Amino acid sequence: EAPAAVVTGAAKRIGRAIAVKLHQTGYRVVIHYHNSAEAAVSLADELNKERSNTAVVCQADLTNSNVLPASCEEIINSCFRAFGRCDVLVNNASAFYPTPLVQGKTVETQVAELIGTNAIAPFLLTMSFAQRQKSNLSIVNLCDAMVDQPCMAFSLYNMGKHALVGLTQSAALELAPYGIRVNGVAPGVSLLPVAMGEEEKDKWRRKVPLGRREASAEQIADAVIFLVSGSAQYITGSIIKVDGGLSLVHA
Amino acid sequence: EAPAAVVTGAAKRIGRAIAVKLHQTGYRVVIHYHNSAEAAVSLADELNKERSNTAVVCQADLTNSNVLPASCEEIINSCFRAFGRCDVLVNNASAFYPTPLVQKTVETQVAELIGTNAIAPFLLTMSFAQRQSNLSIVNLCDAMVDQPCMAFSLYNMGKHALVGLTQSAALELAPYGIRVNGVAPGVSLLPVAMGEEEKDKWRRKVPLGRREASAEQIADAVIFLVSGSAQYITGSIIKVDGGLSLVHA
Amino acid sequence: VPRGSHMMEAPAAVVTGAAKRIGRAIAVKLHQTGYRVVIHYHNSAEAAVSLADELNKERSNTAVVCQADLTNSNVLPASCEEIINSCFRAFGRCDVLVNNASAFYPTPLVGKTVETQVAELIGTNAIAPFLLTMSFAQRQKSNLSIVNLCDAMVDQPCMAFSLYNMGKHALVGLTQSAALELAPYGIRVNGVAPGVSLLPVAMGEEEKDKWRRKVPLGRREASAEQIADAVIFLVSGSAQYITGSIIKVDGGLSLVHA
Amino acid sequence: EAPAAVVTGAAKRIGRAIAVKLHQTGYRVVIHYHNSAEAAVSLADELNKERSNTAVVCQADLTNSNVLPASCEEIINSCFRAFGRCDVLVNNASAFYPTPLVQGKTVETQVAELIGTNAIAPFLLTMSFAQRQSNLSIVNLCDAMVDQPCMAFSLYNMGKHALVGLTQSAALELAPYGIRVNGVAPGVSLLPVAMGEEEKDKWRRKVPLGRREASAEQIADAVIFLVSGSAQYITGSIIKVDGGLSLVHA
Ligand SMILES: NC(=O)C1=CN([C@@H]2O[C@H](COP(=O)(O)OP(=O)(O)OC[C@H]3O[C@@H](n4cnc5c(N)ncnc54)[C@H](OP(=O)(O)O)[C@@H]3O)[C@@H](O)[C@H]2O)C=CC1
Ligand SMILES: NC(=O)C1=CN([C@@H]2O[C@H](COP(=O)(O)OP(=O)(O)OC[C@H]3O[C@@H](n4cnc5c(N)ncnc54)[C@H](OP(=O)(O)O)[C@@H]3O)[C@@H](O)[C@H]2O)C=CC1
Ligand SMILES: NC(=O)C1=CN([C@@H]2O[C@H](COP(=O)(O)OP(=O)(O)OC[C@H]3O[C@@H](n4cnc5c(N)ncnc54)[C@H](OP(=O)(O)O)[C@@H]3O)[C@@H](O)[C@H]2O)C=CC1
Ligand SMILES: NC(=O)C1=CN([C@@H]2O[C@H](COP(=O)(O)OP(=O)(O)OC[C@H]3O[C@@H](n4cnc5c(N)ncnc54)[C@H](OP(=O)(O)O)[C@@H]3O)[C@@H](O)[C@H]2O)C=CC1
Ligand SMILES: N=C(N)Nc1nc2c(Cl)cc(Cl)cc2[nH]1
Ligand SMILES: N=C(N)Nc1nc2c(Cl)cc(Cl)cc2[nH]1
Ligand SMILES: N=C(N)Nc1nc2c(Cl)cc(Cl)cc2[nH]1
Ligand SMILES: N=C(N)Nc1nc2c(Cl)cc(Cl)cc2[nH]1
């Protein structure tokens, strides 16, 4: 019978690409979403049309709060309720916006969203995933190849992504005895923000050595699929950059 | 007039040594503390005896919460209230304990470890910057975060976040002339609760002298980074670890 | 290129140090994937010829051997050009270069002269990869890539292995520099960094176990095939946006403190 | 009596600033040079005018060859010959020029010069320094930008990455002997002599902290810290002195 995966923030963009590629590889999938209900259900419908009873949706806010542990436990529970097992967790959901140090969401909200989605929710999901297995089990964290050459005024986002690197390493060490591998995929520029104009998109594209273009969502998903596959059975604690050389380019 | 520094978690151990060395170099100091009231006041007394009106205390919990931004603003404000300026911030305060992935409530663990090690440094950095010469921030990092202790996920997340803050803030505050750097101890003062046998197991791992760093040795690197000898240094993290991070399993 | 290269039908790869162990496993997996291969070797002539024979028995004239010493010297550039040349001679193209050959032995700071130590360790681990990379790039006449065999433990090195560690760090530098410079030609350059994989056959099991016990994921060394799996990924169509990346394949070893 | 230091490539630029600051701190100095004989002697004269018998020059080519071990042993010997001790080694000398992968110096020469000066000579000097053995330490001049390299500088980058490996390996191995090994990694400091004003300004404008290059003295200040009593627990560390340059994305 088929293994099952949870993908967070899977309604659109890179998370959808990961969900689709896992499903095409033979996984049953939980499509987690927050606000994108119509898109999430649309995706689940397409996947169920291909193979009945292979996709469910699960709504949760991954903002930090005193109930975030319960929400994370519930996402994992939803995989077990639907499919009776949970083999793979992909921590994809992410808030991304500037938080200038020097001078509209309050700073409290900023911290809760950016640190919650990028770091604390992955940690709590990792706890819940592990405790339900306390076979090819693994976790893949969506990192960021540019966190050592950060965008100006993105402190909280960068803190969150650096914390995610720390989680990837700490959890790899601690979960290795349970046979759970923990790895990361670090895009450079992939799908550009919906709000961004084409001229600004091209500015980013022209910086990439390998082809002067952003990664497709499928290219990111290809790295995730490698890491969950049997071809990566000895790999844990690794972060694979998928950035077209962007992080090698000086100012 | 004498420049002023805020040191978090400065009542004891490494934070105390930093406060003392900054004071000896000529700074007026805010000694932040959480629970160690007696030690904080005794330190302020000791420093004030050397030079009148050069040390104060400020109590605050740096656990993450919706009131933490206000608390951090008040820590910076305490420096301005006492000394009229704030030239240096040292983010030293830190919770440190294991948080196993397979298990205080988890939300308390998150609040304490990510609050003290990352979120409070960010909020303090924001408050410090909003006010603003030789201005700089020094973050107390950890040389061993890429080879972490088993079951310290939250602590390690907080310290990695602190590296990210050091880099992002260095970039963003450079236009204002505020340098932002880190000092990364390996093993320095070992936990008060740790038996000597276990302490010795750690000491034996250190290539340079088979001993932990004194608090003074960590403070020496902080002093360098705040000094005129480090005027072009920003976004750097200086390991002070006796080669410990070089030693394989 | 002499007629009968079948250059239109299949890609070709050079694997250095490919007679045994990890290099052999890489050559075998590339061959199994559909590549023709050059098996480079230095002293392991019987093993290299035997391997190429077995591959040719599977699919005729899909493997050749090329002997070269990769020690640094004033003839090393010519030796490296000849290795790349041998791929073009045999197969009419060279799509992949795997820099696997490596000398590995202690060189304490406090029988071989120091100059031999430098020549062997820096030659095999760094200079020969550089010269092979140059020859590979210049000869380009499409999924082209280079994979460099790095070392996951180069930031926590074995005691008294300074020259080896210097060589492996230089190889990281080459991976990054070549990724940037060759990207406009569509050549990707990546690395695979084992931790502990196949240990010396001669090493006592009791010593092997000292290393195995350090590995979080399964308390075992990687197989050569597990290392080769990462090389296969990097050369594949599933890695077409990946350049300048080094994939650790170490079972968590590099995460373990002293 | 005064400790002694060897500074490689000390006749000009950053190595000169390092030698001066060491001398000002009370060290006797060996000013190594290769081509810059007049400058080396000029510096030695200035330092000896300040304190008699505290500075000597030593000529050596640090290009890789089968006699490079002997040359490095001789540089260390020169310090013992002059001063009777050698407490500090600063590996500063460095070749720096492009070596494109795709097409008057042969590739053999390019390898020998770039890998020799930046990596192999530091290793051999480290070996000789250790073998010939207060507060002993080695400082390696690294490069803050080696993970975001200039186009077509592969051999230089290989050399500087090897130098990081040496710094780490030698710190581990020499720690039981009380020898610390550290590095200082400039970003942009003194710009190339050949570079015109427009190009120099292009590079200056990239640096977040002050939109200027490091002075040689700023680089020297970090070397001084690393050899000082204020760094006695520091080994295997590389201090970036780059004004934030390495933090700036494309
Ligand atoms: N795109 C790129 O170029 C790059 C991406 N990455 C990383 O790759 C991953 C995927 O990137 P991308 O597809 O662009 O991501 P998006 O910005 O599209 O975000 C993915 C999803 O995150 C979910 N999310 C946001 N906030 C919350 C919240 N508070 N609670 C729960 N879910 C939330 C949203 O779900 P919903 O819509 O249902 O509300 C959103 O659709 C992210 O981790 C990202 O940081 C890294 C570098 C570059
Ligand atoms: N000691 C070592 O070997 C190492 C230390 N470091 C780093 O160096 C720094 C100093 O280390 P060390 O002196 O051992 O630190 P301690 O563990 O002694 O903690 C320093 C102070 O942090 C304060 N603190 C703890 N929790 C809170 C909280 N919730 N709110 C506010 N303040 C709080 C405490 O103040 P109070 O007592 O007043 O309650 C405590 O005295 C830390 O950042 C640490 O992570 C890094 C690696 C190794
Ligand atoms: N095995 C492990 O645990 C680890 C391996 N690695 C790396 O992975 C790669 C493969 O490892 P492994 O299979 O153990 O390597 P080996 O030690 O088996 O060496 C591979 C081959 O290198 C060739 N070689 C050595 N010296 C020279 C020379 N002077 N000129 C030409 N070729 C030479 C030899 O060819 P011949 O026999 O024909 O003379 C040898 O078979 C290496 O790059 C290694 O550093 C990294 C970390 C750990
Ligand atoms: N300047 C900068 O912006 C940066 C410098 N650095 C590093 O800092 C250090 C100092 O930089 P800088 O002052 O610019 O260095 P230079 O480029 O000025 O070189 C210093 C000295 O190296 C010596 N040298 C060169 N080739 C050889 C050789 N074959 N044998 C012996 N000595 C040789 C020369 O001695 P002579 O003149 O006597 O022949 C030269 O004066 C170097 O390691 C450099 O890589 C790193 C990043 C940036
Ligand atoms: N959640 C996200 N959209 N994260 C994210 N999106 C990113 C983009 Cl469009 C570019 C870079 Cl350089 C980093 C990015 N991180
Ligand atoms: N707040 C603290 N005491 N932090 C801290 N303390 C530490 C100790 Cl005694 C050892 C290591 Cl390796 C890391 C440490 N981090
Ligand atoms: N050429 C080699 N055999 N390289 C090599 N072999 C290695 C082994 Cl057997 C263990 C570790 Cl830690 C590193 C190694 N590097
Ligand atoms: N020997 C040298 N001059 N080395 C050297 N010089 C350098 C300069 Cl003027 C800039 C950068 Cl980014 C790196 C450099 N490395």
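Residues numbered from 1 in each chain as written, not as in the entry; some residues may be left out. Chains lettered and ligands numbered in written order. Heavy atoms only, no water. Residues with missing side-chain atoms left out of burial classes, pairs and counts.

Its PDB record attributes the structure to X-ray crystallography, giving the resolution as 1.48 Å.

Engineer: How would you explain the overall build of chain C if you had to name every residue and give the values?
Structural biologist: The helix and strand inventory of chain C stands at seven helices and seven strands. Counting helices and strands in the order they occur from the N terminus, chain C gives β-α-β-α-β-α-β-α-β-α-β-α-α-β. Against the globule reference of 18 Å for 258 residues, chain C gives a C-alpha radius of gyration of 18 Å, in line with a compact fold. With respect to the principal axes defined by its C-alpha atoms, chain C has extents near 55 × 40 × 40 Å. (Helix = DSSP H or I, 4+ residues; strand = E, 2+ residues; numbered from the N terminus. Rg over C-alpha atoms; globule rule 2.2 N^0.38 Å.)

Engineer: So what about the sheet that holds strand 2 (residues 36–41) of chain C? Which residues, and what values?
Structural biologist: Where strands meet in a sheet, backbone hydrogen bonds hold them as pairs that are either parallel or antiparallel. Residues and elements named next belong to chain C. One open sheet accounts for seven strands, arranged 3-2-1-4-5-6-7; its pairing is parallel. Two strands bound the open sheet, and with one partner strand each, they are strand 3 (63–67) and strand 7 (246–249). Between one strand axis and the next, the sheet turns by 15° as a mean value, whatever way the strands run. When strand 1 (residues 12–15) meets strand 2, the two strands line up parallel, connected through four bridges. Bridging across to strand 2, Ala13 finds its partner in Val37. (Pairing = 2+ DSSP bridges. Axes fitted to C-alpha atoms, helices over the stretch in contact; angles between N-to-C directions.)

Engineer: I'd like a rundown of helix 1 (residues 21–33) of chain C, residues and numbers included.
Structural biologist: Residue and element names in this part refer to chain C. For helix 1, with 13 residues, the first-to-last C-alpha span of 18 Å sits near the 18 Å given by 1.5 Å per residue. Turning to helix 1, its buried residues are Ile22, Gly23, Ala25, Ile26, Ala27, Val28, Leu30 and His31. At its buried positions, helix 1 is contacted by strand 1, strand 2, helix 2 (45–58), strand 4 (96–99), strand 5 (144–149) and helix 7 (224–235). In the stretch just after helix 1, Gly34 is the one whose phi turns positive, near 120°. (Expected span 1.5 Å × (residues − 1). Buried < 20%, exposed > 50% of the residue type's maximum accessible area, 1.4 Å probe, protein only. Contact = heavy atoms within 4.5 Å.)

Engineer: So, empty space enclosed by the protein: which residues are in play, and what are the values?
Structural biologist: By volume, the second largest cavity amounts to about 50 Å³. Taken together, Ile115(A), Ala119(A), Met159(A), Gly160(A), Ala163(A), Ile114(B), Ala118(B), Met157(B) and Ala161(B) form the lining of the second largest cavity. Among the secondary structure elements, those contributing two or more residues to the lining of the second largest cavity are helix 4 (107–131) and helix 5 (155–175) of chain A together with helix 4 (106–131) and helix 5 (153–173) of chain B. Looking at the lining of the second largest cavity, the element that brings in the most residues is helix 5 of chain A, giving three residues. For the lining of the second largest cavity, the per-class residue count stands at eight nonpolar, one polar and no charged. (1 Å grid on protein atoms, 1.4 Å probe; cavity = no way out; pocket = protein on both sides within 12 Å on 5 of 7 lines; lining within 4 Å. Points joined across faces, edges and corners; volume = space filled by probe spheres on them. Nonpolar A, V, L, I, M, F, W, Y, C, P; charged D, E, K, R; others polar.)

Engineer: Hey, could you go over the interface of chain A and chain B for me, with residue numbers and the actual values?
Structural biologist: Across the boundary between the two partners, chain A contributes 42 residues, which contact 42 residues of chain B. Among the secondary structure elements, those contributing two or more residues to the side of chain A that touches chain B are helix 4 and helix 5 of chain A. Among the elements that take part in the side of chain A that touches chain B, helix 5 of chain A stands out by supplying 15 residues, more than any other. Within the side of chain A that touches chain B, the residues separate by chemical class into 27 nonpolar, 11 polar and four charged.

Engineer: Give a description of the UniProt feature "active site" (unreviewed entry) in chain A that names residues and reports values.
Structural biologist: All names here are of chain A. When the UniProt feature table is mapped onto this chain, "active site" (unreviewed entry) is found at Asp144 and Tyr157. Counting through the fold element by element, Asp144 comes out in the loop between strand 5 (138–142) and helix 5. With relative accessibility at 16%, the residue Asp144 sits in the buried group. If we skip the residues at most four places from it in the chain, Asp144 touches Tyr157, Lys161, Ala186 and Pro187. From its side chain, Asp144 meets the backbone nitrogen of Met146 in a polar contact 2.8 Å long. Considering the arrangement of structural elements, one finds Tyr157 in helix 5. (UniProt positions renumbered as here; feature names shortened; annotations may be inferred. Polar contact = N/O pair within 3.5 Å; in protein donor to acceptor, adjacent residues only side chain to side chain.)

Engineer: An account of the packing of aromatic side chains is needed here, citing residue identities and associated values.
Structural biologist: Tallying each qualifying case throughout the model produces 12 aromatic pairs over all chains. Centroid distance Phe96(B) to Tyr155(B): 4.8 Å. Interplanar angle 75°. Geometry classified as edge-to-face. Pairwise contacts between aromatic rings join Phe96(A), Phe154(A) and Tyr157(A) into one cluster. Geometry around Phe88(C) places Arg139(C) over its ring, the cationic atom sitting 4.6 Å from the centre. Above the ring of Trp203(D), the side-chain terminus of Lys206(D) is found at 5.0 Å from the ring centroid. (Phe/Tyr/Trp six-rings, centres within 6.5 Å; stacked < 30°, edge-to-face > 60°. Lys NZ or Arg CZ within 6 Å of the ring centre and 35° of its normal.)

Engineer: Account for the sheet that holds strand 3 (residues 55–59) of chain D, naming residues and giving values.
Structural biologist: All names here are of chain D. Strand order in the open sheet formed by seven strands is 3-2-1-4-5-6-7, and the pairing between neighbours is parallel. Here the strands that pair on one side only, and so sit at the sheet edges, are strand 3 and strand 7 (238–241). Across this sheet, the average inter-strand angle for adjacent strands is 20°, counted without regard to direction. By the bridge criterion, four bridges tie strand 4 (residues 88–91) to strand 5 (residues 137–141) in an arrangement that is parallel. Residue pairing in the sheet places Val90 in a bridge with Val139 of strand 5. Sheet strands in contact with helix 7 (residues 216–227) are strand 4, strand 5, strand 6 (180–186) and strand 7, and its direction is about 165° off that of strand 6.

Engineer: Before we move on, could you go through the pairing of strand 6 (residues 187–194) of chain C and cite the residues and values that matter?
Structural biologist: The side chains of a regular strand alternate, first on one face of the sheet and then on the other. All names here are of chain C. Taken across its eight residues, strand 6 has eight buried, putting it largely inside the fold. The side-chain alternation of strand 6 yields two buried faces, one formed by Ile187, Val189, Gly191 and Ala193 and the other by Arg188, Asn190, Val192 and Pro194. Summarising the sheet, strand 5 and strand 6 pair through six bridges and their orientation is parallel. Directly across from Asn148, in strand 6, lies its bridge partner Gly191.

Engineer: Give me the lowdown on the state of the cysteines, citing residues and values where you can.
Structural biologist: All names here are of chain B. In the structure shown here, the tally under the stated rule is zero disulfides over all chains. Unpaired in this structure, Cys72 has its nearest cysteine sulfur neighbour in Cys58, at a distance of 9.7 Å. With a relative accessible area of 0%, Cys72 lands in the buried category. (Disulfide = S-S within 2.5 Å.)

Engineer: How would you sum up the site of ligand 3? Please name residues and give values.
Structural biologist: All names here are of chain C. The local shell around ligand 3 holds 26 residues, among which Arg21, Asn43, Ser44, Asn100 and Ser197 are the closest. At 3.2 Å from an oxygen atom of ligand 3 is found a main-chain nitrogen or oxygen belonging to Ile22. Between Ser44 and ligand 3, the recorded distance is 2.6 Å, taken from a side-chain N or O atom to an oxygen atom. Burial of ligand 3 by the surrounding chains reaches 85%, relative to a free accessible area of 890 Å². Going through the elements one at a time, helix 1, strand 2 and helix 5 (162–182) are the ones with two or more residues in the shell around ligand 3. (Near = heavy atom within 4 Å. Areas by Shrake-Rupley, 256 points an atom, 1.4 Å probe, with all protein chains shown as cover.)

Engineer: Tell me about the packing of helix 4 of chain A against helix 4 of chain B, and name the residues and values.
Structural biologist: It is at 12 Å that the axes of helix 4 of chain A and helix 4 of chain B come closest, and there the two elements cross at 140°. As the angle between them shows, helix 4 of chain A and helix 4 of chain B are arranged oblique. Regarding helix 4 of chain A and helix 4 of chain B, the two cross each other, and that crossing is right-handed. Within the contact between the two elements, helix 4 of chain A uses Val107(A), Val111(A), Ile115(A), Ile120(A), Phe123(A), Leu124(A) and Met127(A) and helix 4 of chain B uses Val106(B), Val110(B), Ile114(B), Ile119(B), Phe122(B), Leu123(B) and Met126(B). By residue class, the composition of the contact of helix 4 of chain A with helix 4 of chain B is 14 nonpolar, no polar and no charged. (Parallel < 35°, antiparallel > 145°, perpendicular 65-115°, else oblique. Left-handed = near helix turned anticlockwise from the far one by under 90°.)

Engineer: Give a detailed account of the site of ligand 5, specifying residues and quantitative values.
Structural biologist: Residues and elements named next belong to chain A. As a matter of local geometry, ligand 5 sits amid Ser94, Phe96, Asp144, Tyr157, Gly188, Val189, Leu191 and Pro193. Taking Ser94, its side chain carries an N or O atom lying 2.9 Å from a nitrogen atom of ligand 5. Between a nitrogen atom of ligand 5 and a side-chain N or O atom of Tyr157, the distance comes to 2.8 Å. For the shell around ligand 5, the per-class residue count stands at five nonpolar, two polar and one charged.

Engineer: Explain the side chain of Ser128(D) to me, using residue names and the numbers behind them.
Structural biologist: The residue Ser128(D) is located in helix 4 (residues 107–131) in this model. Contact partners of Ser128(D), with chain neighbours within four places excluded, come to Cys72(D), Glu73(D) and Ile76(D).

Engineer: So what about the interface of chain A and chain D? Which residues, and what values?
Structural biologist: Tallying the contact residues gives 13 residues for chain A and 12 residues for chain D. Together, the buried faces of chain A and chain D total about 1,100 Å²; carbon and sulfur atoms form 63% of this surface. Sorting the residues of chain A by area buried against chain D places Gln149(A), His250(A) and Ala251(A) first, and these three jointly supply 56% of that buried surface. The interface formed by chain A and chain D contains zero salt bridges. Summed over the shared surface of chain A and chain D, the number is two residue pairs in polar contact. By residue class, the composition of the side of chain A that touches chain D is eight nonpolar, three polar and two charged. (Buried area = accessible area lost by both parts, 1.4 Å probe. Salt bridge = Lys/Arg side-chain N within 4 Å of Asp/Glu carboxyl O.)

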